[PDB]
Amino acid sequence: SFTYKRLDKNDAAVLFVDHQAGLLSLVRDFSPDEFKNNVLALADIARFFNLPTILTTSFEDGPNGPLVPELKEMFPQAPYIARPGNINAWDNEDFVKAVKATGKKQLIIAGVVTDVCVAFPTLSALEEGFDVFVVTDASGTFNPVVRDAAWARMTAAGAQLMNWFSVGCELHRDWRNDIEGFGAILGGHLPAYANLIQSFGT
């Protein structure tokens, strides 16, 4: 009567949509420090579980600016779709081609801005039957109101709202799978947890 459709590290792909230097300037519903940390945390997680990753940008040869250096340094062979025109990434045939090429049913998505560059392909992907998991604290927009409206629209469509930590834990399932490696991610992106690790080590 209910199915817990949870993230599986063998059934998931990660979509980084338009984390560009210019567009990040528009993000005001998260502080710059927390937002940078959250996006990098999701990125470390995508790497850690060796999930197929897709990078895409919107009009990067204009004021929107280049993709943040970390994402390129980190996934140097991930499909990189520079969209010259299409705002909705799902309207770009090369992007959709890359998504389906992964053969993944679950789509983990984060980007800028939430109400547009994330919501639009989320709604399109849901229409095509994909399970979409939105990393909400790795997605930014103009203000808390715009964010809440975007959440309402995406939940109404059946998207699952999460955060980089809950995404990581649902993928990881069991601490004993890799204690040092997974713990390094938590320590590196949760200063409060890093402190616990240091106190515990004495």
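One rule holds for the numbers: they count along the sequence shown, beginning at 1.
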* To do: Tell me which of 128 to 136 and 72 to 80 has the higher mean C-alpha B-factor in the deposited entry.
  => 72 to 80
* Higher-scoring stretch by recorded Cα B factor average, 172 to 180 or 146 to 154 -> 172 to 180
* Asked: Reading the B-factor column of the entry, which of 186, 12, 15, 21 has the highest value at its C-alpha atom?
  -> 186
* Ranked C-alpha temperature factor of residue 7 among modelled chain residues, by third -> lowest
* For residue 31, the third of its chain into which the C-alpha B factor falls -> middle
* Structure fact -> For residue 50, the third of its chain by CA B-factor is the highest
* Ranked C-alpha temperature factor of residue 98 among modelled chain residues, by third -> middle
* Would you check the entry's CA temperature factor for residue 141 and let me know if it's in the chain's lowest, middle or highest third? => lowest
